[PDB]
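>
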Amino acid sequence: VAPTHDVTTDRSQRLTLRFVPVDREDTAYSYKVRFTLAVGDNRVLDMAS
Amino acid sequence: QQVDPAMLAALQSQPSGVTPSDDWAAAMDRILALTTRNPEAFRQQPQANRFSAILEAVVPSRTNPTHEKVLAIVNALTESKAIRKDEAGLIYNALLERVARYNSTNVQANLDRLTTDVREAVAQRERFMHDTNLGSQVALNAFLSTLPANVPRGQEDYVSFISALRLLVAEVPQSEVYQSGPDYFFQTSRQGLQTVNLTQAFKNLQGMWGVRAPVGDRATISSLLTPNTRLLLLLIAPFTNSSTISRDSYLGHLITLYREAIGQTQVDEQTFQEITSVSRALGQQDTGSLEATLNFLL
Amino acid sequence: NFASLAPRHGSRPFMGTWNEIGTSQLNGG
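Following this line, the structure appears as structure tokens:
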């Protein structure tokens, strides 16, 4: 019967979303990146995916 | 093992889970969330199994008990062995064709009268398992309307022996008498031994009720008694007090002495229970735990 | 009870076993 009523969202959380980078800079062998993973406001993140 | 057959009809044709189509008072009991054990259990079912119960409870369905009332009859006929058990799948395949052929308002109310007297007027079947006039009272009241009541010697002890024999087949639910051939018999148990030839016993006891025999005569009755008469007097011994045949008839040499012979074994069996339990308490050969044990008791 | 979350097989909710809450996966355990 696949339950409803506060199993799934009613409310348009985006199913997956592309983060954007900022403050990347180089070395002759290495490479840095940075991200702000803004999981926010009545949602979770599982971090394996 | 069961008492009633319609409960098994209510066990083989009712839904085990609570449904509002048949048990509304228990299905509405849990929709409104008013229950002792696990009250809050109907909100947390989703829209699948709410509307499939909450619609069917405020307006019930209208089912047909025709298939259920006949199992309260077809079971009630096979409990009393009227039908073979290998056969009830045919008669319910024929009764359901019957009561749907000639169906009416009447027959649906006439089966319902018949699923009540196989419940509360089948108490006769509970009755003559106790009074056992299946084959013990009305099958022996033909035997007491067969024997001659005019005995020359011992007119009074003749009608006290059979007064103690009617009590024998009454206080025992298993024993029964019957008509097989031109003579009546009496077995002390179903699936049982010790069949007495009841016609060939009272004919042996006729002309015997007054002897006044002495107490120095044992091995004469091989040509006078018969061992089944000697066994019928064994089966009348525990239900015969000391006031039936008093002291000095030859049955007083038999019926009183048979109670002493039963009186030996009803305390020596307790002795025999002690001996067979002390052979493993000290350590004894179990082959030689019965040879010398019986010789001390016989 | 949290019965409004489990995917119900019929009326009874599908409640898992008791080893489905932790893990003990080490090298040789």
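Listed in order, the protein sequences are those of chains C, N and Y.
In terms of the entry's author numbering, the first sequence is numbered consecutively and its last residue is 98.
In terms of the entry's author numbering, the second sequence is numbered consecutively and its last residue is 309.
In terms of the entry's author numbering, the third sequence is numbered consecutively and its last residue is 33.
The beta-carbon is built from N, C-alpha and C at its ideal position, and this holds for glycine as well.
(1) Are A175 (chain N) and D142 (chain N) closer than 9 Å when you measure CB to CB?
(2) Ignore the nearest five residues each way along the sequence and tell me which others in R83 (chain C)'s own chain have a CB closer than 8 Å to its CB.
(3) For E51 (chain N), return the contacting residues in chain Y, with the cut-off set at a CB-CB distance below 8 Å.
(4) Measuring alpha carbon to alpha carbon, tell me which residue in N:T304, N:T77, N:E131 is nearest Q281 (chain N).
(5) Considering only the beta carbon of each residue, do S200 (chain N) and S186 (chain N) sit closer than 9 Å?
(6) Can you tell me which residues form a DSSP beta bridge with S191 (chain N)?
(7) Please classify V93 (chain C) as buried or exposed, where buried requires at least 16 other C-beta atoms within 10 Å of its C-beta.
(8) Which word fits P52 (chain C), buried or exposed, when buried means at least 16 other C-beta atoms lie within 10 angstroms of its C-beta?
(9) Can the beta-carbon of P31 (chain N) be found less than 9 Å from the beta-carbon of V50 (chain C)?
(10) Can you find the residues in the same chain that come closer than 8 Å, C-beta to C-beta, to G26 (chain Y), ignoring five residues on each side of it along the sequence?
(11) Measuring only between beta-carbons, confirm whether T58 (chain C) sits less than 9 Å from chain N.
(12) Whose Cβ in chain Y lies nearer than 8 Å to the Cβ of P57 (chain N)?
(13) Could you tell me whether the stretch 76 to 93 of chain N touches the stretch 120 to 132 of chain N, where touching means 3 or more Cβ pairs closer than 8 Å?
(14) Quick check: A52 (chain N) and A10 (chain Y), are their CB atoms within less than 9 Å of each other?
(15) Taking only runs of the alpha helix (DSSP H) that begin and end inside the stretch 107 to 195 of chain N, which ones reach a length of at least 4 residues, in chain order?
(16) Tell me, which residues are paired with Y80 (chain C) by DSSP?
(17) Identify every residue that forms a DSSP beta bridge with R41 (chain N).
(18) Mapping the DSSP letters down to three states, classify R16 (chain Y) as helix, strand or coil.
(19) Would you mind sorting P238 (chain N) into buried or exposed? The rule is 16 or more other CB atoms within 10 Å of its CB.
(20) Measure the C-alpha to C-alpha separation of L245 (chain N) and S24 (chain N) and round it to an integer number of angstroms.
(21) For chain Y, is any of its Cβ atoms less than 9 Å away from the one on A51 (chain C)?
(22) Given this structure, state the Cα-to-Cα distance separating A87 (chain C) from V56 (chain C), to the nearest angstrom.
(23) Express the C-alpha separation of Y103 (chain N) and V110 (chain N) in angstroms, rounding to a whole number.
(24) Any beta carbon of chain C sitting closer than 9 Å to that of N60 (chain N)?
(25) Examine chain Y for any beta-carbon lying closer than 9 Å to the beta-carbon of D55 (chain C), and answer yes or no.
(26) Cutting at 8 Å between CB atoms, please list the residues of its own chain near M19 (chain Y), excluding the five before and the five after it.
(27) Closer than 9 Å, CB to CB, is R54 (chain N) near chain Y or not?
(28) Opposite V207 (chain N) in the DSSP bridges: which residues?
(29) Out of N:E302, N:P26, N:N208, N:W220, point me to the one whose CA is closest to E79 (chain N)'s CA.
(30) Over what stretch of residues does the alpha helix (DSSP H) that includes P238 (chain N) continue unbroken?
(31) Of all the beta strand (DSSP E) runs that stay within the bounds of the stretch 244 to 290 of chain N, which reach a length of 3 or more residues?
On the basis of the data shown:
(1) Judged by their CB atoms, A175 (chain N) and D142 (chain N) are not nearer to each other than the 9 Å cut-off.
(2) A distance below 8 Å between beta-carbons, with the five flanking residues on each side excluded, links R83 (chain C) to the following residues of its chain, in chain order: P70, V71, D72, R73.
(3) Within chain Y, the residues near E51 (chain N) are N5.
(4) Distances from the alpha-carbon of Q281 (chain N) to those of N:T304, N:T77, N:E131 put N:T304 closest.
(5) Pairing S200 (chain N) with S186 (chain N) gives a Cβ-Cβ distance under 9 Å.
(6) Looking at the DSSP assignment, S191 (chain N) forms a beta bridge with N:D194.
(7) Exposed, because fewer than 16 other Cβ atoms sit within 10 Å of the Cβ of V93 (chain C).
(8) Classification of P52 (chain C): buried, given that the 10 Å Cβ count is 16 or more.
(9) Between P31 (chain N) and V50 (chain C), the C-beta gap is not smaller than 9 Å, which leaves the two residues out of contact.
(10) None.
(11) The beta carbon of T58 (chain C) sits no closer than 9 Å to any beta carbon of chain N.
(12) Going along chain Y in sequence order, the residues near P57 (chain N) (Cβ under 8 Å) are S8, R12.
(13) At 8 Å Cβ cutoff, the stretches touch.
(14) For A52 (chain N) and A10 (chain Y), no; Cβs fall outside 9 Å.
(15) Qualifying alpha helix (DSSP H) stretches, in chain order: 116 to 125, 134 to 138, 166 to 177.
(16) Under DSSP, the beta-bridge partners assigned to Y80 (chain C) are C:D75.
(17) Per DSSP, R41 (chain N) has no beta bridge partner at all.
(18) Residue state, collapsed to three classes: strand.
(19) Under this definition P238 (chain N) is an exposed residue.
(20) Taking the straight line from one Cα to the other gives about 52 Å.
(21) Cβ-Cβ to chain Y under 9 Å: yes for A51 (chain C).
(22) For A87 (chain C) and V56 (chain C), the distance between alpha carbons rounds to 23 Å.
(23) Each residue's Cα considered, the two are about 10 Å apart.
(24) Yes, contact with chain C.
(25) The beta-carbon of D55 (chain C) is placed less than 9 Å from the nearest beta-carbon of chain Y.
(26) Within the same chain, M19 (chain Y) has close Cβ partners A10.
(27) True, the Cβ-Cβ gap to chain Y drops below 9 Å.
(28) According to DSSP, which records beta bridges pairwise, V207 (chain N) is partnered with N:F197.
(29) Ranked by Cα distance from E79 (chain N), the first of N:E302, N:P26, N:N208, N:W220 is N:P26.
(30) Residues 238 to 246.
(31) List check, beta strand (DSSP E) in window: nothing returned.
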